[PDB]
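Chemist: Questions regarding the structure given below will be posed in turn.
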Amino acid sequence: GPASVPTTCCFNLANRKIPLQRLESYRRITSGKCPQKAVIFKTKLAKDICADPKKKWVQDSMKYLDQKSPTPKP
């Protein structure tokens, strides 16, 4: 059986770049459990992937999703 949930840290960072049209959302990591912070991307196929915050497609991806937010309020 799995330890509660089958997810802890994104050690297997994705090398390939994920598209925006196929992107659905993203989950950034910065808790006090993992050894290194990272990001997670979700496509339009009910699937999640790991991504590093020092990547070009990840940076644009994070900024893309982060930019998708509204102008006012936090």
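Going by the structure tokens order, chains are called A, B, ..., each with residues numbered from 1, while ligands are numbered from 1 in the order shown.
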Within 12 Å of residue 36 (chain A), counting only C-alpha atoms, which residues show up once you throw out same-chain ones fewer than 3 positions away? Write them as JSON, numbers by chain, please.
Modeler: {"A": [8, 9, 10, 11, 12, 13, 28, 29, 30, 31, 32, 33, 39, 51, 52, 53, 54]}
Chemist: Got time to write the residues from that selection, N, CA, C and O atoms, as a PDB file, in the first residue's frame?
Modeler:
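Done, and the output landed in again.pdb:
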```
ATOM      1  N   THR A   8       5.287  13.219  -2.935  1.00  0.00           N
ATOM      2  CA  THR A   8       6.039  13.882  -1.873  1.00  0.00           C
ATOM      3  C   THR A   8       6.890  15.008  -2.449  1.00  0.00           C
ATOM      4  O   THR A   8       6.658  16.185  -2.174  1.00  0.00           O
ATOM      5  N   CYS A   9       7.877  14.632  -3.253  1.00  0.00           N
ATOM      6  CA  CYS A   9       8.764  15.615  -3.871  1.00  0.00           C
ATOM      7  C   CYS A   9       8.960  15.291  -5.348  1.00  0.00           C
ATOM      8  O   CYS A   9       8.906  14.131  -5.756  1.00  0.00           O
ATOM      9  N   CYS A  10       9.190  16.329  -6.146  1.00  0.00           N
ATOM     10  CA  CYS A  10       9.393  16.141  -7.581  1.00  0.00           C
ATOM     11  C   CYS A  10      10.883  16.029  -7.894  1.00  0.00           C
ATOM     12  O   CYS A  10      11.521  16.997  -8.308  1.00  0.00           O
ATOM     13  N   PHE A  11      11.428  14.832  -7.693  1.00  0.00           N
ATOM     14  CA  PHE A  11      12.844  14.598  -7.957  1.00  0.00           C
ATOM     15  C   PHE A  11      13.074  14.367  -9.447  1.00  0.00           C
ATOM     16  O   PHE A  11      14.103  14.756 -10.000  1.00  0.00           O
ATOM     17  N   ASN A  12      12.100  13.729 -10.090  1.00  0.00           N
ATOM     18  CA  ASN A  12      12.201  13.450 -11.519  1.00  0.00           C
ATOM     19  C   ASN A  12      11.679  14.635 -12.329  1.00  0.00           C
ATOM     20  O   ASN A  12      10.586  14.591 -12.896  1.00  0.00           O
ATOM     21  N   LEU A  13      12.476  15.699 -12.374  1.00  0.00           N
ATOM     22  CA  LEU A  13      12.092  16.897 -13.114  1.00  0.00           C
ATOM     23  C   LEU A  13      11.934  16.578 -14.596  1.00  0.00           C
ATOM     24  O   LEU A  13      12.717  15.823 -15.171  1.00  0.00           O
ATOM     25  N   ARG A  28       2.858  24.444  -7.409  1.00  0.00           N
ATOM     26  CA  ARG A  28       4.216  24.745  -6.964  1.00  0.00           C
ATOM     27  C   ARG A  28       4.479  24.114  -5.601  1.00  0.00           C
ATOM     28  O   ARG A  28       3.569  23.953  -4.787  1.00  0.00           O
ATOM     29  N   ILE A  29       5.737  23.757  -5.362  1.00  0.00           N
ATOM     30  CA  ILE A  29       6.118  23.142  -4.096  1.00  0.00           C
ATOM     31  C   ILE A  29       7.114  24.027  -3.355  1.00  0.00           C
ATOM     32  O   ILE A  29       8.072  24.535  -3.939  1.00  0.00           O
ATOM     33  N   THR A  30       6.878  24.204  -2.059  1.00  0.00           N
ATOM     34  CA  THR A  30       7.759  25.028  -1.236  1.00  0.00           C
ATOM     35  C   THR A  30       7.511  24.760   0.245  1.00  0.00           C
ATOM     36  O   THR A  30       7.655  25.651   1.083  1.00  0.00           O
ATOM     37  N   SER A  31       7.134  23.524   0.558  1.00  0.00           N
ATOM     38  CA  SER A  31       6.865  23.147   1.940  1.00  0.00           C
ATOM     39  C   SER A  31       8.171  22.926   2.696  1.00  0.00           C
ATOM     40  O   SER A  31       9.260  23.133   2.159  1.00  0.00           O
ATOM     41  N   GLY A  32       8.050  22.501   3.950  1.00  0.00           N
ATOM     42  CA  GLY A  32       9.227  22.251   4.776  1.00  0.00           C
ATOM     43  C   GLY A  32       9.456  20.753   4.951  1.00  0.00           C
ATOM     44  O   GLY A  32       9.948  20.302   5.985  1.00  0.00           O
ATOM     45  N   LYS A  33       9.091  19.987   3.926  1.00  0.00           N
ATOM     46  CA  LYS A  33       9.259  18.538   3.972  1.00  0.00           C
ATOM     47  C   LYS A  33      10.227  18.077   2.888  1.00  0.00           C
ATOM     48  O   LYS A  33      11.073  17.212   3.116  1.00  0.00           O
ATOM     49  N   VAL A  39       8.168  22.635  -9.058  1.00  0.00           N
ATOM     50  CA  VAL A  39       6.822  22.936  -9.537  1.00  0.00           C
ATOM     51  C   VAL A  39       6.216  21.713 -10.218  1.00  0.00           C
ATOM     52  O   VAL A  39       6.926  20.819 -10.679  1.00  0.00           O
ATOM     53  N   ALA A  51       8.219  19.591 -12.633  1.00  0.00           N
ATOM     54  CA  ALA A  51       8.976  20.600 -13.370  1.00  0.00           C
ATOM     55  C   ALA A  51       9.862  21.405 -12.426  1.00  0.00           C
ATOM     56  O   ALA A  51       9.504  21.657 -11.275  1.00  0.00           O
ATOM     57  N   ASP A  52      11.025  21.811 -12.931  1.00  0.00           N
ATOM     58  CA  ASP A  52      11.962  22.595 -12.132  1.00  0.00           C
ATOM     59  C   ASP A  52      11.670  24.090 -12.305  1.00  0.00           C
ATOM     60  O   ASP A  52      11.243  24.516 -13.377  1.00  0.00           O
ATOM     61  N   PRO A  53      11.888  24.911 -11.263  1.00  0.00           N
ATOM     62  CA  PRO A  53      11.624  26.359 -11.351  1.00  0.00           C
ATOM     63  C   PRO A  53      12.737  27.141 -12.056  1.00  0.00           C
ATOM     64  O   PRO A  53      12.659  28.363 -12.186  1.00  0.00           O
ATOM     65  N   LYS A  54      13.772  26.434 -12.512  1.00  0.00           N
ATOM     66  CA  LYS A  54      14.877  27.093 -13.203  1.00  0.00           C
ATOM     67  C   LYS A  54      14.883  26.736 -14.690  1.00  0.00           C
ATOM     68  O   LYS A  54      15.917  26.822 -15.354  1.00  0.00           O
TER      69      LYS A  54
END
```
Chemist: Quick check for you: according to DSSP on this backbone, which residues of chain A are classed as helix (DSSP H, G or I)? Reply as a PyMOL selection string.
Modeler: chain A and resi 56-68
Chemist: Any chance you could export the current selection's C-alpha atoms as a PDB file, in the first residue's frame?
Modeler:
```pdb
ATOM      1  CA  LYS A  56      12.679  28.118 -19.612  1.00  0.00           C
ATOM      2  CA  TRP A  57       9.403  26.379 -20.406  1.00  0.00           C
ATOM      3  CA  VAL A  58       8.661  26.010 -16.695  1.00  0.00           C
ATOM      4  CA  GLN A  59       9.373  29.674 -16.035  1.00  0.00           C
ATOM      5  CA  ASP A  60       7.164  30.734 -18.916  1.00  0.00           C
ATOM      6  CA  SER A  61       4.677  28.072 -17.864  1.00  0.00           C
ATOM      7  CA  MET A  62       4.554  29.276 -14.268  1.00  0.00           C
ATOM      8  CA  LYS A  63       4.514  32.901 -15.385  1.00  0.00           C
ATOM      9  CA  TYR A  64       1.870  31.967 -17.939  1.00  0.00           C
ATOM     10  CA  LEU A  65      -0.437  30.408 -15.367  1.00  0.00           C
ATOM     11  CA  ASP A  66       0.524  33.037 -12.821  1.00  0.00           C
ATOM     12  CA  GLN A  67      -0.273  35.698 -15.412  1.00  0.00           C
ATOM     13  CA  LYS A  68      -3.623  34.071 -16.202  1.00  0.00           C
TER      14      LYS A  68
END
```
Chemist: If you run DSSP over the backbone, which residues in region 7-65 of chain A end up strand (DSSP E or B)? Put them as a PyMOL selection string.
Modeler: chain A and resi 23-29+38-43+48-51
Chemist: To one decimal place in Å, what is the distance between CA of residue 44 (chain A) and CA of residue 4 (chain A)?
Modeler: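 We find that CA of residue 44 (chain A) and CA of residue 4 (chain A) lie 25.3 Å from each other.
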Chemist: Using only C-alpha atoms, which of the listed residues (A:47, A:41, A:71, A:14) sits closest to residue 27 (chain A)?
Modeler: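 Selected residue with least distance to residue 27 (chain A): A:41.
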Chemist: For residue 55 (chain A), which of A:34, A:70, A:18, A:6 is the closest residue, counting only C-alpha atoms?
Modeler: A:18
